[PDB]
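S.K.:
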DNA sequence: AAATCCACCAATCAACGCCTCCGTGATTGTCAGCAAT
DNA sequence: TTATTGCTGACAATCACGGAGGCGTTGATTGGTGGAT
Ligand SMILES: [Cl-]
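Given below as structure tokens:
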């Protein structure tokens, strides 16, 4: 299920918002010329996070670059997902609970159960 | 030079790494072939045990017929 | 209550790795520190503040 | 969602630059060509053995699927024959 | 190795979240720190699966294909098929 | 009534990115022999 | 032997990539006040 994970635990208007983001994420990745130096998240720290596991020894220059983009999307996707809960409960302040709420919706965020059990 | 010698021993290690893997693969094919020969004989017996189980039930039904 | 069977294997593998590394760090406390670096915590106080707490 | 079918190009193969210059004598031409065949032939067999691994792996998986199907059918035949026999038995009585 | 090497910079993650939301929205120090832990785990989670597969083939180096493969193994297809596009434009 | 807590500011300096040197792989080339035909 | 091509090492030469190690230079880190929610 290649595009099954895009719309999980979401219903009605919530799916449409996330789908438009992925189609934009695709379009930008497909068309726009990428400066692989420019990143929101610094590559050094992504490599350190990886190298923190003694199991890992040597890493390619690519893997950090892929995570940087893969993370920028991951955050943006969750943060948006979480906003729907806040906006649903008439809050203009994103809370730990609003994230916790979004994470439960999809069985894709089952790895974060230890991070925010709530 | 000393660098040149660092290449010799590095290749002698590379040639040993290929010699090990070609032997490892040749052994892995023999292992898999034996494991697979056990599984095919296992199921054939299970088919025969089930097939024999039918002949019992099937000869019992014909007895009422 | 059923967790993703694809992720399951790795969630257990990580649960171990998270614990072993945490014991090696000896940070048995889950709480984050108030600040990180002394000099920046020192500089944060050093700088001239305004009427609303804004830096000059 | 919509996305084009992109294809990952393989990362540049390491090694010495393949000599572009033609050898000027046939005795060194037949040599390099025959040694090119030496490296071509040996490097291929280890890949052909990794294929031979997958050939047995896949030819066994379809066999496993066929035997695990054949016993399930012959497993139903028993349960069918068991209850059907039950129906002919108690109707004789 | 430092203690906070296992996380990413809070400011950077917080900046990405700020952009994800409207201008009028606000984010809790708690939530910023939470997201930080989640995205930091996201890396460590995937990397652990890619690494254990590397140690089967006996490859010390971990390349992009091992990450993309690790993601589809753990059920992040949309991410894996999306980063194929970024890797394919890098590789050429 | 009660409480909290987050967005405002931008200056220092930890650390990010970058280039160089060092080390380990891969792949190819070639000289000097073997090995059958 | 002589004539002829393959194959077979053994060392050397490029070529790629990963790390670690300084060395510029950036932008992450950080706290008090207001006032909303
Ligand atoms: Cl980009």
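Protein chains in written order, with my numbering: chain A, 1 to 118; chain B, 119 to 183; chain C, 184 to 239; chain D, 240 to 332; chain E, 333 to 424.
Think of the CB as a built atom: it goes at the ideal place given N, C-alpha and C, for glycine as much as any other residue.
(1) Looking at the secondary structure, which residues open and close the alpha helix (DSSP H) in which residue 64/A lies?
(2) Between residue 96/A and residue 341/E, how many whole angstroms is the CB-CB distance? I'm expecting something under 8 Å.
(3) Between residue 165/B and chain D, is the shortest Cβ-Cβ distance under 8 Å, so that the two count as touching?
(4) From residue 54/A to residue 36/A, what does the alpha carbon distance come to, in whole angstroms?
(5) Sort 353/E, 409/E, 364/E, 398/E by Cα distance to residue 92/A and report the nearest one.
(6) Is residue 24/A near ligand 1 - that is, is its Cβ less than 7 Å away from at least one heavy atom of it?
(7) Specify the secondary structure class of residue 94/A as computed by DSSP and reduced to three states.
(8) Ordered along the chain, which non-local residues of its own chain (more than five positions away) have a Cβ less than 6 Å from that of residue 419/E?
(9) Residue 40/A to residue 74/A, Cα distance in whole Å?
(10) Under a three-way DSSP split, which group does residue 209/C fall into?
(11) Sort 392/E, 371/E, 335/E by Cα distance to residue 214/C and report the nearest one.
(12) For ligand 1, is there a heavy atom less than 7 Å away from the beta-carbon of residue 38/A?
(13) Label residue 185/C either buried or exposed according to how many other C-beta atoms from any shown protein chain fall within 10 Å of its C-beta, with 16 as the threshold for buried.
(14) Chain D beta carbons: is any one of them nearer than 8 Å to that of residue 135/B?
(15) I want to verify the contact list: residues of chain A whose CB lies under 8 Å from the CB of residue 186/C, in sequence order.
(16) Quick one, which of 220/C, 217/C, 219/C, 201/C has its alpha-carbon nearest residue 211/C's?
(17) Would you say residue 415/E reaches chain C, if we count a Cβ-Cβ gap shorter than 8 Å as a contact?
(18) Can you tell me which of 118/A, 110/A, 108/A, 80/A puts its alpha carbon nearest to the alpha carbon of residue 357/E?
(19) Decide if the segment 406 to 415 of chain E is in contact with the segment 187 to 198 of chain C; the criterion is three or more beta carbon pairs, one per stretch, under 8 Å apart.
(20) Quick one: grab the DSSP three-state call for residue 232/C.
(21) Does any heavy atom of ligand 1 sit closer than 7 Å to the C-beta of residue 35/A?
(22) Hey, out of 133/B, 122/B, 123/B, whose CA is closest to residue 278/D's CA?
(23) Using only the alpha-carbon positions, how far apart do residue 389/E and residue 145/B sit?
(24) What separation, rounded to the nearest whole angstrom, lies between the Cα atoms of residue 63/A and residue 255/D?
(25) Among 111/A, 22/A, 117/A, whose alpha-carbon lies nearest the alpha-carbon of residue 101/A?
(26) Rounding to the nearest angstrom, what Cα-Cα distance links residue 197/C and residue 60/A in this structure?
(27) Tell me, please, whether the CB atom of residue 38/A is closer than 8 Å to any CB atom in chain E?
(28) Does residue 52/A get closer than 8 Å to chain E when you measure Cβ to Cβ?
(29) Which residues in chain E sit within 7 Å of residue 248/D, going by Cβ to Cβ distance?
(30) Throw me the rounded Cβ distance for the residue 18/A and residue 29/A pair, which I believe falls under 8 Å.
(31) State yes or no: is the C-beta of residue 269/D within less than 8 Å of the C-beta of residue 165/B?
(32) Tell me, please, whether the CB atom of residue 362/E is closer than 8 Å to any CB atom in chain D?
(33) Can you give me the C-alpha to C-alpha distance between residue 218/C and residue 115/A, rounded to a whole angstrom?
(34) Near residue 383/E, what residues of its chain come up, given a Cβ to Cβ distance below 7 Å and the 5 sequence neighbours on each side ignored?
(35) If you run the structure through DSSP and keep just helix, strand and coil, what is residue 359/E?
(36) Taking only beta-carbon atoms, is residue 336/E less than 8 Å away from chain C?
M.R.: On the basis of the data shown:
(1) Under the DSSP assignment, residue 64/A falls in the alpha helix (DSSP H) whose first and last residues are 62 to 88.
(2) That pair is no contact at about 19 Å.
(3) yes
(4) 27 Å
(5) 353/E
(6) no
(7) Here residue 94/A sits in strand by DSSP.
(8) 396
(9) If you draw a straight line from the Cα of residue 40/A to the Cα of residue 74/A, it is about 13 Å long.
(10) coil
(11) Residue 335/E is the option with its Cα nearest to residue 214/C.
(12) yes
(13) Burial call: exposed.
(14) no
(15) 107, 110, 113
(16) 201/C
(17) no
(18) 80/A
(19) yes
(20) strand
(21) yes
(22) 133/B
(23) 16 Å
(24) Approximately 26 Å between the Cα atoms of the pair.
(25) 117/A
(26) Spanning the two alpha carbons is a distance of roughly 22 Å.
(27) no
(28) yes
(29) 420, 423, 424
(30) Contact between residue 18/A and residue 29/A does not hold, since the beta-carbon distance rounds to 16 Å and is not under 8 Å.
(31) no
(32) When Cβ-Cβ separations below 8 Å define contact, residue 362/E makes no contact with chain D.
(33) Roughly 21 Å between the two C-alpha positions.
(34) Within the same chain, 394 come within 7 Å of residue 383/E by CB-CB distance, once the 5 residues on both sides are set aside.
(35) strand
(36) Proximity of residue 336/E to chain C, defined by a Cβ-Cβ separation below 8 Å, is satisfied.
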